[PDB]
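Before any comments, here is the structure.
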Amino acid sequence: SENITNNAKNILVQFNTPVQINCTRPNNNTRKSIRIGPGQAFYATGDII
Amino acid sequence: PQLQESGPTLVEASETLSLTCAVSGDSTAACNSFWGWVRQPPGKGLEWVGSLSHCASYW
Amino acid sequence: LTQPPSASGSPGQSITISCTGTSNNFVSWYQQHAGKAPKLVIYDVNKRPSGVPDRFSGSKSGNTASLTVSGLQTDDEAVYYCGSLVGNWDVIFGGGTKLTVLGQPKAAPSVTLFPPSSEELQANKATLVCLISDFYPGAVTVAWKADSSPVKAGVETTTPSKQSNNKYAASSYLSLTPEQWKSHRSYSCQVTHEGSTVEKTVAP
Ligand SMILES: *[C@@H]1O[C@H](CO)[C@@H](O[C@@H]2O[C@H](CO)[C@@H](O[C@@H]3O[C@H](CO[C@H]4O[C@H](CO[C@H]5O[C@H](CO)[C@@H](O)[C@H](O)[C@@H]5O)[C@@H](O)[C@H](O[C@H]5O[C@H](CO)[C@@H](O)[C@H](O)[C@@H]5O)[C@@H]4O)[C@@H](O)[C@H](O[C@H]4O[C@H](CO)[C@@H](O)[C@H](O)[C@@H]4O[C@H]4O[C@H](CO)[C@@H](O)[C@H](O)[C@@H]4O[C@H]4O[C@H](CO)[C@@H](O)[C@H](O)[C@@H]4O)[C@@H]3O)[C@H](O)[C@H]2NC(C)=O)[C@H](O)[C@H]1NC(C)=O
Ligand SMILES: *[C@@H]1O[C@H](CO)[C@@H](O[C@@H]2O[C@H](CO)[C@@H](O[C@@H]3O[C@H](CO[C@H]4O[C@H](CO[C@H]5O[C@H](CO)[C@@H](O)[C@H](O)[C@@H]5O)[C@@H](O)[C@H](O[C@H]5O[C@H](CO)[C@@H](O)[C@H](O)[C@@H]5O)[C@@H]4O)[C@@H](O)[C@H](O[C@H]4O[C@H](CO)[C@@H](O)[C@H](O)[C@@H]4O[C@H]4O[C@H](CO)[C@@H](O)[C@H](O)[C@@H]4O[C@H]4O[C@H](CO)[C@@H](O)[C@H](O)[C@@H]4O)[C@@H]3O)[C@H](O)[C@H]2NC(C)=O)[C@H](O)[C@H]1NC(C)=O
Ligand SMILES: *[C@@H]1O[C@H](CO)[C@@H](O[C@@H]2O[C@H](CO)[C@@H](O)[C@H](O)[C@H]2NC(C)=O)[C@H](O)[C@H]1NC(C)=O
């Protein structure tokens with residue numbers, strides 16, 4: 001901590017053993033890839049399967 | 001959409017029965033439906049065999 | 001799933017066939033013409049598919065699911081199966097209900113029972129055949145008995161078929177050993193048609 005007794009300063013912590021974390025996107029998606037030309041293509045979010 | 005079954009109509013006992021369906025007008029890749037078989041013994045009721053789909057999840 | 005064995009109606013009348021054992025809403029009914037492939041007439045209970053008349057409607061009350069056909073016609077004569085999802089991903093089918101829209105008139109079945117022959121016993125084989133005919137509707141269950149107690153083994157029963165007089169007919173084949181044939185005197189064959197049963201018995 002920059003200033004410990006000071007509650008206005010954040011306290012940075014460093015771990016010994018790494019912690020396993022899993023973050024997933026339980027939505028199987030599709031890309032529309034709509035055409036907003038000329039030459040440009042936007043990727044829209046389709047339906048979730 | 002048409003389903004055409006094909007394979008041996010006559011098989012000997014204790015052997016391996018193999019049958020193959022040929023789809024027309026639709027894709028097996030499509031995630032809207034499952035694909036499988038349903039067998040109906042002669043003069044009897046409908047029995048479910050099984051179905052599968054490659055459209056998976058994260059695990 | 002338990003589906004009633006038979007169902008009958010005149011043209012224009014409305015028939016309601018039931019199904020039980022469905023705790024979920026995944027219930028679906030099918031129509032199979034004899035000598036053809038089954039076709040789905042309803043899904044997700046009441047909802048109808050493409051090219052299916054309004055007169056087919058699904059319904060589920062409690063544990064009982066029901067199909068209702070109003071304004072009967074010739075093309076409605078077939079076997080109707082029900083099915084639903086169960087447990088995790090398994091699916092089952094009922095025995096199916098045979099609904100007939102045949103021409104008039106209703107009539108009690110007719111049973112003729114033939115004991116094994118003398119030449120047949122020489123092959124060390126014994127077979128009794130129940131001949132049931134001239135009944136409406138076209139769905140009948142057959143049962144076998146020996147003296148008193150019923151016979152659960154060697155029973156082969158086949159789906160009935162229409163005749164030239166438009167009356168349905170079926171035959172059940174019982175194949176057993178000659179030892180149990182001579183030991184048990186009489187063999188009874190019970191034929192159940194719309195609640196009422198018709199019985200025949202033979203002894204050597
Ligand atoms: C990192 O973070 C940490 C914490 O997270 C930060 O730490 C903070 O640091 C600041 C400093 O900037 C501290 O504030 C100063 O506190 C001191 C000390 O105060 C304590 O002690 C006093 C005396 O204690 C002794 O006497 C008693 C009696 O006998 C005895 O019982 C005791 O045991 C001990 O022996 C107490 O008076 C004082 O209490 C008062 O203050 C409390 C805090 O506000 C309050 O709660 C109490 O109720 C009571 O009111 C406390 O216990 C103070 O002395 C100092 O005051 C100076 O600064 C303020 C501005 O904040 C200013 O207004 C004052 O006038 C004073 O300035 C005088 O001193 C200067 C230096 O000598 C001088 O240059 C000035 O000119 C001025 O002197 C003038 O006046 C006097 C008479 O008044 C005269 O004689 C002179 O000649 C001249 O004319 C501050 O308040 C914080 O306390 C501390 N935090 C905590 C939690 O403690 C740190 O800053 C951070 N750093 C970084 C880099 O991030
Ligand atoms: C999330 O949802 C999505 C859907 O939105 C799911 O994605 C589906 O996943 C399944 C499963 O992987 C895929 O099936 C695979 O297909 C490939 C071929 O893919 C190409 O062709 C497809 C069909 O195209 C035809 O039909 C369409 C539609 O009618 C038509 O338009 C087209 O013109 C053509 O006529 C295309 O759909 C497909 O496009 C996809 O990919 C594009 C990028 O490439 C993308 O842009 C598209 O949008 C679309 O997503 C593509 O063009 C098969 O090759 C593959 O088979 C192998 O892989 C599976 C596992 O994936 C495995 O089980 C099989 O056994 C097989 O593995 C063997 O063969 C490999 C070579 O073929 C070999 O490398 C392997 O090692 C293995 O070989 C070993 O084992 C075998 C025995 O198994 C042995 O014989 C060998 O000797 C050797 O030992 C799949 O079947 C779908 O295509 C895909 N998409 C869709 C839309 O369904 C996804 O699964 C869901 N879940 C997750 C987590 O994402
Ligand atoms: C999000 O809403 C759109 C309509 O704005 C849906 O797209 C329609 O889907 C139905 C299927 O029930 C089709 O009959 C229509 O032709 C579609 N209309 C258009 C303009 O695409 C879409 O299905 C909804 N989200 C999804 C894909 O579930």
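Residues in the structure tokens are named by chain (A, B, ... in the order shown) and by number from 1 within that chain; ligands are numbered from 1 in the order shown.
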Identify, on the basis of only C-alpha atoms, every residue whose closest approach to residue C:3 does not exceed 6 Å; exclude the query and any residue fewer than 4 positions from it along the same chain; express the result as number ranges by chain.
C: 19, 94-97
Selected residues, N, CA, C and O atoms, written as a CSV table (one decimal), in the first residue's frame, please.
```
chain,number,residue,atom,x,y,z
C,19,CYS,N,-54.6,-40.3,-23.1
C,19,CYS,CA,-53.3,-40.8,-22.8
C,19,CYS,C,-52.9,-40.4,-21.4
C,19,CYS,O,-53.1,-39.3,-21.0
C,94,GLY,N,-46.8,-44.6,-26.6
C,94,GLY,CA,-47.9,-45.4,-26.0
C,94,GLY,C,-48.1,-46.7,-26.9
C,94,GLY,O,-47.4,-46.8,-27.9
C,95,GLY,N,-49.1,-47.5,-26.5
C,95,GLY,CA,-49.4,-48.7,-27.3
C,95,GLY,C,-50.1,-48.2,-28.6
C,95,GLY,O,-50.1,-48.9,-29.6
C,96,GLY,N,-50.7,-47.0,-28.6
C,96,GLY,CA,-51.4,-46.5,-29.7
C,96,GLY,C,-52.8,-46.8,-29.7
C,96,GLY,O,-53.2,-47.9,-29.2
C,97,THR,N,-53.7,-46.0,-30.2
C,97,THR,CA,-55.1,-46.2,-30.3
C,97,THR,C,-55.5,-46.3,-31.7
C,97,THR,O,-55.3,-45.5,-32.5
```
List the spatial neighbours of stretch 31-33 of chain A as an MDAnalysis selection string - criterion: any atom at most 7 Å away, only C-alpha atoms, same-chain residues fewer than 2 positions off excluded.
chainID A and resid 35 41:46
With only C-alpha atoms and all ligand atoms counted, collect every polymer residue having an atom within 6 Å of ligand 2; state the result as a ChimeraX atom specification.
/A:28 /B:27,29-31,54-58
Deliver the residues from the most recent selection as a file, using N, CA and C atoms, as a PDB file, in the first residue's frame.
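Final file, result07.pdb:
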```pdb
ATOM      1  N   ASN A  28     -23.980 -19.991 -27.248  1.00  0.00           N
ATOM      2  CA  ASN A  28     -23.340 -20.383 -28.492  1.00  0.00           C
ATOM      3  C   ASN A  28     -23.936 -19.532 -29.602  1.00  0.00           C
TER       4      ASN A  28
ATOM      5  N   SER B  27     -30.008 -29.679 -43.940  1.00  0.00           N
ATOM      6  CA  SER B  27     -28.651 -29.939 -43.481  1.00  0.00           C
ATOM      7  C   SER B  27     -28.602 -30.609 -42.116  1.00  0.00           C
ATOM      8  N   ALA B  29     -26.149 -30.311 -40.324  1.00  0.00           N
ATOM      9  CA  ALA B  29     -25.446 -29.308 -39.533  1.00  0.00           C
ATOM     10  C   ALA B  29     -26.426 -28.422 -38.770  1.00  0.00           C
ATOM     11  N   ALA B  30     -27.631 -28.265 -39.313  1.00  0.00           N
ATOM     12  CA  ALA B  30     -28.648 -27.407 -38.706  1.00  0.00           C
ATOM     13  C   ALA B  30     -28.917 -27.804 -37.258  1.00  0.00           C
ATOM     14  N   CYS B  31     -28.922 -26.812 -36.373  1.00  0.00           N
ATOM     15  CA  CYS B  31     -29.099 -27.045 -34.943  1.00  0.00           C
ATOM     16  C   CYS B  31     -30.561 -27.052 -34.503  1.00  0.00           C
ATOM     17  N   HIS B  54     -24.275 -32.873 -33.328  1.00  0.00           N
ATOM     18  CA  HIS B  54     -22.922 -32.359 -33.150  1.00  0.00           C
ATOM     19  C   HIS B  54     -22.914 -30.964 -32.532  1.00  0.00           C
ATOM     20  N   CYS B  55     -24.054 -30.282 -32.595  1.00  0.00           N
ATOM     21  CA  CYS B  55     -24.176 -28.950 -32.014  1.00  0.00           C
ATOM     22  C   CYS B  55     -24.008 -29.020 -30.502  1.00  0.00           C
ATOM     23  N   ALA B  56     -22.823 -28.650 -30.031  1.00  0.00           N
ATOM     24  CA  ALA B  56     -22.427 -28.915 -28.655  1.00  0.00           C
ATOM     25  C   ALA B  56     -22.420 -27.673 -27.773  1.00  0.00           C
ATOM     26  N   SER B  57     -21.849 -27.842 -26.586  1.00  0.00           N
ATOM     27  CA  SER B  57     -21.629 -26.755 -25.646  1.00  0.00           C
ATOM     28  C   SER B  57     -20.156 -26.744 -25.249  1.00  0.00           C
ATOM     29  N   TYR B  58     -19.833 -26.007 -24.197  1.00  0.00           N
ATOM     30  CA  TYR B  58     -18.443 -25.800 -23.804  1.00  0.00           C
ATOM     31  C   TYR B  58     -17.757 -27.012 -23.164  1.00  0.00           C
TER      32      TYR B  58
END
```
Atom CA of residue C:88 to atom CA of residue C:31, distance in Å rounded to a single decimal:
25.8 Å
Chain C residues within 12 Å of chain B, counting only C-alpha atoms: which ones, as a PyMOL selection string?
chain C and resi 1-3+5+29-32+34-38+79-85+89-98+139+156-161+170-172
Just want the residues within 7 Å of ligand 1, written as an MDAnalysis selection string, counting only C-alpha atoms and all ligand atoms.
chainID A and resid 3:7
Output for the residues just chosen: N, CA and C atoms as a PDB file, in the first residue's frame:
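Written file, again26.pdb:
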```
ATOM      1  N   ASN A   3      -0.042   4.383   1.132  1.00  0.00           N
ATOM      2  CA  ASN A   3      -0.181   4.830   2.503  1.00  0.00           C
ATOM      3  C   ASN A   3      -1.169   3.912   3.217  1.00  0.00           C
ATOM      4  N   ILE A   4      -0.668   3.118   4.159  1.00  0.00           N
ATOM      5  CA  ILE A   4      -1.444   2.013   4.710  1.00  0.00           C
ATOM      6  C   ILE A   4      -2.517   2.474   5.683  1.00  0.00           C
ATOM      7  N   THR A   5      -2.122   3.296   6.650  1.00  0.00           N
ATOM      8  CA  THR A   5      -3.046   3.768   7.672  1.00  0.00           C
ATOM      9  C   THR A   5      -4.114   4.655   7.028  1.00  0.00           C
ATOM     10  N   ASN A   6      -3.793   5.194   5.857  1.00  0.00           N
ATOM     11  CA  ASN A   6      -4.745   5.987   5.089  1.00  0.00           C
ATOM     12  C   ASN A   6      -5.740   5.086   4.364  1.00  0.00           C
ATOM     13  N   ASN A   7      -7.026   5.296   4.625  1.00  0.00           N
ATOM     14  CA  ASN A   7      -8.064   4.457   4.041  1.00  0.00           C
ATOM     15  C   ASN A   7      -8.429   4.890   2.626  1.00  0.00           C
TER      16      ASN A   7
END
```
List the neighbours of residue C:118 out to 12 Å using only C-alpha atoms; skip same-chain residues closer than 6 positions along the sequence, and give me the result as JSON, numbers by chain.
{"C": [124, 125, 126, 127, 178, 204]}
With 9 Å as the limit and counting only C-alpha atoms, what residues in chain A lie close to chain B? Please list them as a PyMOL selection string.
chain A and resi 24-28+49
Running DSSP on the backbone, which parts of chain A land in strand (DSSP E), as an mmCIF file with N, CA and C atoms, in the first residue's frame?
```
data_model
loop_
_atom_site.group_PDB
_atom_site.id
_atom_site.type_symbol
_atom_site.label_atom_id
_atom_site.label_comp_id
_atom_site.auth_asym_id
_atom_site.auth_seq_id
_atom_site.Cartn_x
_atom_site.Cartn_y
_atom_site.Cartn_z
ATOM 1 N N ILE A 34 -23.665 -8.408 -41.513
ATOM 2 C CA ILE A 34 -24.497 -7.600 -42.400
ATOM 3 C C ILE A 34 -23.651 -6.628 -43.210
ATOM 4 N N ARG A 35 -24.139 -6.266 -44.391
ATOM 5 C CA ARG A 35 -23.357 -5.426 -45.284
ATOM 6 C C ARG A 35 -23.842 -3.982 -45.288
ATOM 7 N N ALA A 41 -18.455 -3.921 -43.690
ATOM 8 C CA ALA A 41 -19.354 -4.965 -43.215
ATOM 9 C C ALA A 41 -19.377 -5.004 -41.693
ATOM 10 N N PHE A 42 -20.563 -4.858 -41.116
ATOM 11 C CA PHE A 42 -20.713 -4.926 -39.669
ATOM 12 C C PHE A 42 -21.097 -6.329 -39.220
#
```
Can you tell me, as a PyMOL selection string, what residues are no more than 7 Å from residue C:111 when counting only C-alpha atoms, ignoring any on the same chain fewer than 5 positions away?
chain C and resi 130-133+200
Stretch 40-198 of chain C: residues DSSP assigns to helix (DSSP H, G or I), reported as number ranges by chain:
C: 74-76, 118-121, 178-183
Atom-to-atom span, atom 10 (C, counted along the ligand's line) of ligand 3 and atom CA of residue C:28, Å:
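Rounded to one decimal, the two atoms are 22.8 Å apart.
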